[PDB]
Amino acid sequence: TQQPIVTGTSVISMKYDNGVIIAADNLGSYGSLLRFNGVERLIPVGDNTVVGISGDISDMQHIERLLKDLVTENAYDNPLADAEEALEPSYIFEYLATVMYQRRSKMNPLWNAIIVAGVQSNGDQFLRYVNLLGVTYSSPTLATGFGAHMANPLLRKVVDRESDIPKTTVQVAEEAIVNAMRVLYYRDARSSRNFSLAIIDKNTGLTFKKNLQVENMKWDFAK
Amino acid sequence: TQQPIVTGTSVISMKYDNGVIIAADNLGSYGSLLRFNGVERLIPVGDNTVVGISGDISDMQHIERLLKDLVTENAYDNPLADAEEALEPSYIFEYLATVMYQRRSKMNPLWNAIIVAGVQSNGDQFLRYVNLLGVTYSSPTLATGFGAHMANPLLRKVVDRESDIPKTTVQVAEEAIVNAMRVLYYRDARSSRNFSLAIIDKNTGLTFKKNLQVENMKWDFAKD
Amino acid sequence: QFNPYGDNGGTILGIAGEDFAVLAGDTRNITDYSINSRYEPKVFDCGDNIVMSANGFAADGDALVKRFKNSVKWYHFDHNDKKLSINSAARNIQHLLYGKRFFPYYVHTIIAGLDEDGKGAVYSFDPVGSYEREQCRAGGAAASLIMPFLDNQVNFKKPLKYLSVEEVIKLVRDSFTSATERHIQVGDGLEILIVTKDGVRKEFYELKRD
Amino acid sequence: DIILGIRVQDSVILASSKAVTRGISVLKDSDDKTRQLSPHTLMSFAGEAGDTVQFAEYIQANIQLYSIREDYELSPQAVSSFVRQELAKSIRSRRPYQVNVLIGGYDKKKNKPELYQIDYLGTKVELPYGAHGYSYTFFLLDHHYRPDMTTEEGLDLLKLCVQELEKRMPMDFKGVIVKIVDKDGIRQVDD
Amino acid sequence: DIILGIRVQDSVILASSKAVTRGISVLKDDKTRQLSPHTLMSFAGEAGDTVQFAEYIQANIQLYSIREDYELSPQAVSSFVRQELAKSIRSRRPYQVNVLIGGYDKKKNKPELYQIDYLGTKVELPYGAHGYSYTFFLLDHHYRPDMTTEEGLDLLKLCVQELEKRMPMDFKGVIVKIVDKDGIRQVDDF
Amino acid sequence: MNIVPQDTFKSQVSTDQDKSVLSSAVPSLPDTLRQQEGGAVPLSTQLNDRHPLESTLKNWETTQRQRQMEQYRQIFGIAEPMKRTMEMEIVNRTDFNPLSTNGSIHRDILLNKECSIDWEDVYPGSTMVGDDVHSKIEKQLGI
Amino acid sequence: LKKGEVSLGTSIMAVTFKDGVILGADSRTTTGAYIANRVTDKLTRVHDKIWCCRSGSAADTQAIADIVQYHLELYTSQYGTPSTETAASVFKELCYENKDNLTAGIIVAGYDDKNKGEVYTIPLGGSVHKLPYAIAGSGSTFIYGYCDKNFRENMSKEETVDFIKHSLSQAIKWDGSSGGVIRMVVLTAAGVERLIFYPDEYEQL
Amino acid sequence: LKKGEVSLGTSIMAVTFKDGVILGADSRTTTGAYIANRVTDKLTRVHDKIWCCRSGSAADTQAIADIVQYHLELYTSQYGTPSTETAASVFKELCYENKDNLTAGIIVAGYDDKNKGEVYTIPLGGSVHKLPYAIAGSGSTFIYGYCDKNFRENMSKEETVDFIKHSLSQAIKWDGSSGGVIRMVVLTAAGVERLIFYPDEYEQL
Amino acid sequence: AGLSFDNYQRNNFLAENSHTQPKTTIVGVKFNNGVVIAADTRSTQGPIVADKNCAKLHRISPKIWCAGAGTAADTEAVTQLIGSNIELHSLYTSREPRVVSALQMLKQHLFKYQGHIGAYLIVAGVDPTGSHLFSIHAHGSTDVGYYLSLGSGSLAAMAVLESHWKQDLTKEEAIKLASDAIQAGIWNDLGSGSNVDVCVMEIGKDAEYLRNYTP
Amino acid sequence: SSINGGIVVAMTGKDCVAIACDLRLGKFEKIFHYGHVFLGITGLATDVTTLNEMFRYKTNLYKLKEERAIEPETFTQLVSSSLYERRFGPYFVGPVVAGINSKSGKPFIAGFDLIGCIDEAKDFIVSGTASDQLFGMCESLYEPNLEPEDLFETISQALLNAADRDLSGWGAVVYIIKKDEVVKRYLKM
């Protein structure tokens, strides 16, 4: 589009020793009106990849259609679609980044910011970011929008460099992600209390948690 | 001010054989929001004058304060300011028109349209109009805003010339003004179903009816 | 109106030696006040002993490097796996840049390698394709801090010809350390690619802010 | 760019100035504001750089093609009408460019000289006089013109116009090239 | 409006264009005012404001000369002019004005030339000019501090010949005045 | 009851609006030499291109004091503003110090600015004409 | 939004209930402050039991609705009665693919024997959302709270009628661009029912 | 508003009840999408039993409120406890006379022995309106209908508290500039009572 | 008198004719018996680091301190003017200055200039009435907070403060929390760096100014 | 007649300072002194002359009242307040103050923005149009605690290198300032 209308706020993601964790809230805001509650902004693509999208919701649904078409075309007509011929996170990100840059060059961008998180077939963690301009980068911690200014400084406390990844368990990473989501719900006016989270682990696979709520909120210091 | 914020829609008035009639609806709207309902936009100044104001509501209240100040100043050390030294519609209109033009020339106008209606002490009808630019004029029927485009055609069929005035009774004029108010409620989006009406007669003297509702509305043909 | 450009704020440096070339860059990717990543390489091995860097708007630089690598692949396919020389690569990059004359890439490009005589060579490109061969070229933010530091310790007119590769690496590291100290956009790491007759070698050095 | 045209009893006289494009020191001996359309039809042009020369050469090529095809020379009236059509067609789908054209010919069939002026929008006017560029000369031409003037008198009138114009030019007015079109063809005046 | 000035070893030579006034046909030196018996001022710029400023300066300097029975130095006159010019535009949109001040200091027995631009920047110069689109090449090549008055006039004549080659015939000419130990003279014949 | 100063622009202009510097030769025209403004400052140039905050800053204290006087009149009566204005007028009238511009102690006591500092105090804010005691004497006495 | 065009300032509601769905709207069309049409039928039928209401540009939504009705006639000629989801998908595709040139918003209500009554909303931009109830238009902003406090799942027909009547009466009361009569269409298995309510009835609620 | 100034995107309510008046608000201050203050006290005390809430420019409203409190202290030193009408008149005069330079809107709630609790509203522009109850702010637009359906005269204290809680909870739910806790002040003949309700309370209503 | 408007037209004219006119993390945290203010020490003239050790904590009065962002000259001038006024008022009243008095002076001064003085401040202090923390905006609006952040690195600092703040904090806990917020601003924001400066104001004690608390 | 812009560099030594400015060779110098305090101003020339005159005025009055010369820190505060007085009409200048305190003997340098914000440096100050290239040269060449001869060589080399990298009649004026002796030198390139 040329201007977003219905939007989502932020997606935050982190690497730990055996996988990745990604999270995003369930809200589509219509300007300053919190219009739609119940928007799933984490899209699982297969059993090894999750894509988080922020920004325009219609463009996000278009991207979801593209991902579904990609999955369906993977199985046409390989009988090993569930086997070693399954889609890798790098393939999905390469396709999405090419689309985003091509549409930027067409002066008709998809007003979104996208994080791809997953585990490669050899067990490596994949975490990448691409926006409406086609700018791509990777880091042990990633965030979009307000999270990029608030959630990232918290998560970089846990994982500050690549050598901290093997030292970080899934429990610590999930706790950090949940605390960052609570901070975002504290200080973001377009945020929601309800959010979804996804863990991708090279051993246990994909765990997708829905209807997660921010809890243990300190409001008692009124006076 | 520089831009109106809360506004009223329209005031309609006409002369009949023995007096004047003026009416306006009770609504103060905030943009497209119909925010304030119980707003009185007809102000009686003395026993023989009514001022109807449309437009900015804050400026209307300022004008109400000015009218009250004028009434109190008239009675200052004036034992005769009840019958002989009372205010007249021409005095009030001249003062208001002077104020409006002076504030136009100051590039700080009062965003209002004003109709003064009443009866002079000699029995003559008075009905005149002044707006935010200081433009003044008189006619046997007057209206502001949307009424000026819709109420005037209905009213000019009853009183078309100066010679039609002696032929118009109070009943006919009041019925015509009620019908014009109903048409305005039909076709004005910023209008209200509630309105106030004022009759100034050289014999009875004044009749200020409040809480009048548009009645007898044809909506049934919407079945088709 | 939609603005298709951006700025990511890097710093690159290319130096041509007697029988080697060096291309180095800082590894921090930022969006105008925030750190997107502390390790994001911008100097790439393109094959046939050619190293390339396109600093500026990151999407444009990635696109240019992608197109150049694909063109080199087709060049190997169509010419019996012939080695692409550095001057031919410079001409290819000039055409790639000028092909977008009316919608230019927002990048500054430097390539490095060895010429047909085995001597080090560095080429610098303007955003619409104008290019030239240079001994030393600094590009991006803090170039005005890096060039005087190099000129203070090298006579480009110890002469640069007789310098060894390790001395050049140390001098580049010192200049980048000083620039990191004085500039807010420089830091978090430095990556150096060295091209010699044996190929391309990679070195990494941590800078301030971790 | 200044162009002048004067039609007399037996010929047409056209005067044109040099270019001096933009701060470029050029020493040359040629007329870049005149194209010979046919042995008895000449064209002078003044306007925006690039576009005007392209248009003039396109017109010249078309007229040369007609002359080769028919083994016959178009009259000045037909040439001027074709030029007007092409000029109106050029700006059909683009922003108009500044151009003014003087066409001077000698109709052999009618045995008489003719002069036309076409402006940038495509307005063609048959005139005994004509000028474009610097903006008084109309008053002097109206005061000192006769339809039955000879060539010498026309040249003297042109010299008077040049002398009047030179006193307002910023002293960079070099030699104005003057050409004559008549029954013997086209020639250039040395003076 | 073009003004020129050259300082030779014992004199100051100031040249000013005769007259250009919009599109009025006039026949008739309006761009010079004698500030002091040994100090002359040439100005060029916007019509109206510049003449007001020059006459104001002249009135002030004449008042000083009357009050003190003494002639203010060229340096002090230049400083006063700079102060007044800076003060005039402190609360209004600036106007185009350029001033050359030429004098002969009696105490030091030396010619002096100053140039002041529209913002109030004063510079002491051996030669100066304003209003021409340069001529500084000829001045740089053909100027020496120890030149006599005749050599300065020759250099000025060469500069004027250079000027009157890309200007129309509407450029009537230039009036030349000389300030030296005897006061102010007008170069009539030459 | 104003807060920001209002009605600051001039509604009319004239060439003799400044009665202090009127020319003796032509009384309807101002005297440019004794103005000492630079000699090239028409009055019309002062009607355009001003800073939007200059008028607010110049008239701020007067506006606040007028609001205070209006409040006193509303709450106390006419006598309170009458007395405050009378005191201020008496203090201002009986001070004539041509060699200094600093305000008096008593004025600051009446204005409740005994221990208050503003940029006007920090920055209180050469010529051949009209920089003498006699000009101030004439202005003060209306000679 | 092109200058001089006609905009659909309205109050639109669609509520799912126990036996089916109900779609309701007001009947006012305004150009500026002038009521250009005092009596308007805003309930557009694209199939026998698939209805819609429109917002945004009137011309764009009319063209889109015509194309959708044509598409559903082709589908019916081939495969029979479509589902509400199919009509919603066609509406979404039309609105999204042209969003750079047209300003359209749609509320779709439908009934079929499989899904048993559904509501979809496509706001400006082209995204689609499926909801148990939906409100749209300029006058909807004033009843976001009230509806959120008074909606129950599996209400009876009369309760749904009363809920829609109350909510639209409040929206009419507060929004200038809304007024006139209330129109409602009830889509169930028993057929299609039409209801109209007059100002003298709902203004007393 | 001025460029870079701080705006007041609040949700303000004031309800008259049998024993007096209750004034309530949320506690969010924003700078666009960023919440600069999770817990701000929007209930301004102008006198002992005369309180107000503000909207528009924050600096202008603070200056106006300070001047009004100064005015009421001056009035009290002379004649004693002022009526709510007098405070409303002073607010109105300040807002109207400066409306060309200051953006300000006020809701005034007061109690006094003569009038037994009153509510006045002064929207942008400077007009004054005396109401049985008032709502203002960005979130108020979403609860115009609900309040109109749920207000009764002469309610008890608990009923009024519940009504304000429900209305402000909906306003917080729908408006993005309305925030965490609900603060209320009850003004009666007994005194001044302060109440606060937390999100875990009202979000489950 | 006061700030001058001379050469405004001249400067605008120069700007129109192509003449270029030549041209931080702060936190405040209250604890159980006082208040702490902390700041980074990096001073940059654009992207160039002008000074690696810059003192940004300024003293309104011995026990009332402040830090600022925005236009540096405006911040310093307003702080110094209000400090002079506070000192004179304290001498006049023979009493310790109150933080609310400084808040009123700053608010009225900034409102007088209608936002043209670009001073954004955090002001902390202790007086005989207790401990106080305030934020002050350029246009004249003020707010009260238990913990506040300011500058370009204010979002990271606010995240850290929201993570680890409680009602009852000791002096050491508050100092550590403020230092951690400043460190987050230093690491994650390009405008903040170098060292941390702290000032602790405790009820009943002298103000403790710790420059380069963590280097 | 065009003298706008320029470059001024100030450096601290062991117990000395150096302040240098560009020049056009061949009377308009951008360095002034008011006793033992030196001020170099870059930018608009009219503002430079005005500021020099104002500061000569104020320091003459200060010495007449105090009966002693003004110290570099007090002069820095004075320059700051004077620049801030013109808050909305500021001079288009960058000033630099250098000197040695008469009592303590400590060297002092500082720079200013156009409205008087003070930047007190311990190593060097660069003012000028570019302030990015000569800044890098000074950063590469500067070393702390240099002797006056070493400091003079360093600052002169910085000026020469700046002059070479982007003319014809370029010159420089250098001041080497000690507690008892001040040396003024010209560089003709």
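- For this entry, the PDB record names cryo-EM as the structure determination method and reports a resolution of 2.28 Å.

As for the overall build of chain C
Then, in step 1: Counting its regular elements, chain C contains 4 helices and 12 strands.
Then, in step 2: When the backbone C-alpha atoms are referred to their principal axes, chain C occupies close to 55 × 50 × 25 Å.
Then, in step 3: Per-residue burial for chain C yields a buried fraction of 57% across its 210 residues.

Comments concerning the packing of aromatic side chains
Then, in step 1: According to the stated counting rule, one finds 47 aromatic pairs over all chains in the structure shown.
Then, in step 2: Where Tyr118 of chain E meets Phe13 of chain I, the ring centres are 6.1 Å apart and the plane angle is 70°; that geometry is what we call edge-to-face. Taken together, the positions of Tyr118 of chain E in the loop between β6 (110-116) and β7 (122-124) and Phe13 of chain I in helix α1 (residues 8-16) put the pair across two chains. Per residue, the accessibility class of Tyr118 of chain E equals that of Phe13 of chain I, and both read buried.
Then, in step 3: Geometrically, the ring pair formed by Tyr147 of chain I and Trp165 of chain I is tilted, given 5.0 Å between the ring centres and 40° between the ring planes. Of this pair, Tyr147 of chain I sits in strand β10 (residues 147-151) while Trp165 of chain I sits in the loop between α4 (154-163) and α5 (171-188); the two residues are 18 residues apart in sequence, bridging distant segments of the chain. Considered together, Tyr147 of chain I and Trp165 of chain I belong to a single accessibility category, that of buried residues.
Then, in step 4: Of the aromatic side chains, those joined through ring pairs into one cluster are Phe221 of chain A together with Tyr146, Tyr147 and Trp165 of chain I.
Then, in step 5: Directly above the aromatic system of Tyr116 of chain D lies the positively charged group of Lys124 of chain D, at a separation of 4.8 Å from the ring centroid.
Then, in step 6: Above the face of the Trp219 of chain A ring, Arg38 of chain H is positioned so that its terminal group lies 4.5 Å from the ring centre.

A look at the environment of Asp115 of chain C
Residues and elements named next belong to chain C.
Then, in step 1: Structurally, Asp115 is set in the loop between β7 (107-114) and β8 (120-125).
Then, in step 2: Separated by 108 residues in sequence, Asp115 and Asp7 place their C-alpha atoms 33 Å apart.
Then, in step 3: Other than its neighbours up to four places away in sequence, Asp115 contacts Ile86, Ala121 and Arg133.
Then, in step 4: Of the polar contacts made by the side chain of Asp115, one reaches the backbone nitrogen of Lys119; its length is 2.7 Å.

Some words on the interface of chain C and chain A
Then, in step 1: Contacts between the two partners involve 23 residues from chain C, matched on the other side by 23 residues from chain A.
Then, in step 2: Between chain C and chain A, a total of about 1800 Å² is buried, with carbon and sulfur atoms accounting for 48% of that surface.
Then, in step 3: Where chain C meets chain A, there are 5 salt bridges.
Then, in step 4: Two residues, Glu94 of chain A and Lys66 of chain C, come together in a salt bridge whose shortest N-O distance is 2.8 Å.
Then, in step 5: Counting every contact that joins chain C to chain A gives 8 residue pairs in polar contact.
Then, in step 6: The set of elements that each furnish at least two residues to the side of chain C that touches chain A consists of β4 (34-37) and α1 (58-78) of chain C.
Then, in step 7: Per-element tally for the side of chain C that touches chain A: the top contributor is α1 of chain C, with 5 residues.
Then, in step 8: Of the residues belonging to the side of chain C that touches chain A, the class tally is 10 nonpolar, 6 polar and 7 charged.

Digging into a nonpolar patch on the surface
Then, in step 1: A contiguous nonpolar surface patch, about 260 Å² in accessible area, is contributed by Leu133, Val135 and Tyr137 of chain B.
Then, in step 2: Its location among the elements puts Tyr137 of chain B in strand β10 (residues 136-138).

Here we look at the interface of chain B and chain G
Then, in step 1: Between chain B and chain G, the residue contacts involve 20 residues of the former and 24 residues of the latter.
Then, in step 2: The largest share of the area that chain B buries against chain G comes from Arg187, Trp219 and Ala222 of chain B, three residues that together contribute 33% of it.
Then, in step 3: Counting across the chain B and chain G interface gives 2 salt bridges.
Then, in step 4: Here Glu203 of chain G and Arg193 of chain B are joined by a salt bridge, their closest N and O atoms 3.2 Å apart.
Then, in step 5: Joining chain B to chain G, the criterion identifies 12 residue pairs in polar contact.

Some words on the sheet that holds strand β13 (residues 207-213) of chain B
Strand pairing within a sheet occurs via backbone hydrogen bonds; the two strands may be parallel or antiparallel.
Residues and elements named next belong to chain B.
Then, in step 1: The 5 strands are arranged β11-β2-β3-β12-β13 in an open sheet whose pairing can be described as antiparallel. The open sheet is flanked by β11 (141-143) and β13, the only strands paired with a single partner. Going across the sheet, the axis of each strand differs from the next one's by a mean of 15°, ignoring polarity.
Then, in step 2: Two strands pair when backbone bridges link them, and strand β12 (residues 194-201) and β13 are joined in this way by 5 bridges, in the antiparallel orientation. Residue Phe195 lies in a different strand from β13, and its bridge partner there is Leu212.
Then, in step 3: With respect to the sheet, helix α3 (residues 146-156) is in contact with β2 (11-15) and β11, its orientation differing from that of β11 by roughly 160°.

With respect to the arrangement of the chains
Then, in step 1: Separated in space, chain B and chain E share no contact, their closest pair of C-alpha atoms being 25 Å apart.
Then, in step 2: Separated in space, chain H and chain J share no contact, their closest pair of C-alpha atoms being 18 Å apart.

Some thoughts on the sheet that holds strand β6 (residues 51-56) of chain C
Residue and element names in this part refer to chain C.
Then, in step 1: One open sheet accounts for 5 strands, arranged β5-β6-β7-β8-β9; its pairing is antiparallel. The open sheet has two edge strands, β5 (43-45) and β9 (131-134), and neither has a second partner. Taking the axes of each pair of neighbouring strands and ignoring which way they run, one obtains an average angle of 20° across the sheet.
Then, in step 2: As paired strands, β7 and β8 are joined by 6 bridges and run antiparallel to one another. Note that in β8 the partner of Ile110 across the bridge is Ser124.

Rules of the game
Residues numbered from 1 in each chain as written, not as in the entry; some residues may be left out. Chains lettered and ligands numbered in written order. Part of a larger assembly, values for the part shown. Heavy atoms only, no water. Residues with missing side-chain atoms left out of burial classes, pairs and counts. Helix = DSSP H or I, 4+ residues; strand = E, 2+ residues; numbered from the N terminus. Buried < 20%, exposed > 50% of the residue type's maximum accessible area, 1.4 Å probe, protein only. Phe/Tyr/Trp six-rings, centres within 6.5 Å; stacked < 30°, edge-to-face > 60°. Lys NZ or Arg CZ within 6 Å of the ring centre and 35° of its normal. Contact = heavy atoms within 4.5 Å. Polar contact = N/O pair within 3.5 Å; in protein donor to acceptor, adjacent residues only side chain to side chain. Buried area = accessible area lost by both parts, 1.4 Å probe. Salt bridge = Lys/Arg side-chain N within 4 Å of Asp/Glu carboxyl O. Nonpolar A, V, L, I, M, F, W, Y, C, P; charged D, E, K, R; others polar. Patch = residues over 30% accessible without salt bridge, like charges linked within 9 Å, V, L, I, M, F, W, Y side chains within 5 Å. Areas by Shrake-Rupley, 256 points an atom, 1.4 Å probe, with all protein chains shown as cover. Pairing = 2+ DSSP bridges. Axes fitted to C-alpha atoms, helices over the stretch in contact; angles between N-to-C directions.

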